[PDB]
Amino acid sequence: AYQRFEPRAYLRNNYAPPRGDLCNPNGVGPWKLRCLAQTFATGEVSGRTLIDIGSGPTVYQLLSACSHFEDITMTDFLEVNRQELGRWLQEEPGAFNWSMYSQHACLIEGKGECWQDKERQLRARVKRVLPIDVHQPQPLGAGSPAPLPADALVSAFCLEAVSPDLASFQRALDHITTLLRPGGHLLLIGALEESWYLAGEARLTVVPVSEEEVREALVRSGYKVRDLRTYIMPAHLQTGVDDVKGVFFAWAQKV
């Protein structure tokens, strides 16, 4: 099913206008970047190693993260996404243009940083791009190039999007939780009350979750929820590429 997933279609649907229009601050893109930026600016999420779970073809979710972790592992289930990443990490031709997201991240963080430096830094600190399957109790396998356990995890729009129901969502969460050291941090972004989205020829089933469900799922996996918030999807961002109602952002800490 994910076997028909078109990276460029997905990027077009979610990271080009209107949803990728970062000029309005009331949009979902600026909201997400702000969540991430505010969270790292507290100083409490730090360490040497970080893993991004189910990164798809996207990088925005590490823009703020990358100044606090010197070893970054990105991951996805699909080769075609791994290679779309690689195209961007290696500044190859036909890479997706993330420059506006980098620019807005610089603007939000407020340190005077130029966006080319931020990209440079992200590209430098991402050492590897590995396969992953969160449906496995060892999402990475055993012969894993990745430093384990990790100091922090980031995951945006993966678990709900690869899980037919709540229970599989819970298990997938337990599975990635093993990659993270005790005391470590999980940064989790996702769709609320969504049941499908499109990516070219692919129509993906999603489990609709509520904020309450996400919270309880986090507790039951062994986390303290340091923060959990919601963005309600305005009407002009309801575009026929999915049925998302809102987006959640969770900051959680392993006990």
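Whichever C-alpha set is largest while still superposing within 1.5 Å between the two forms counts as the rigid core. Don't overthink the numbering: it's just position in the shown sequence, from 1.
- Using the rigid core as the fitting frame, the root mean square C-alpha deviation in 8 other deposited structures of this protein is greater for 194-202 than for the other of 194-202 and 22-30.
- The stretch that moves more in 8 other deposited structures of this protein, judged by CA deviation after a rigid core superposition and choosing between 89-97 and 128-136, is 89-97.
- When the C-alpha B-factors of 128-136 and 102-110 are averaged, 128-136 comes out higher.
- Between 139-147 and 83-91, the higher mean Cα B-factor belongs to 139-147.
- Each of 78, 179, 161, 166 has a CA temperature factor in the record; the biggest one is found at 179.
- Going by the entry's values, 49 shows the largest Cα B-factor out of 205, 61, 49, 230.
- Ranked within its chain, residue 174 lands in the middle third, by CA B factor from the PDB record.
- Placement of the Cα temperature factor of residue 36 within the chain: lowest third of the modelled residues, per the deposited record.
- Remark: residue 17 belongs to the middle third of its chain, ranked by C-alpha B-factor as recorded.
- For residue 218, the recorded CA B-factor ranks within the highest third of the chain. Only modelled residues enter the ranking.
- Looking at the C-alpha B-factors along this chain, the one for residue 25 belongs to the middle third.
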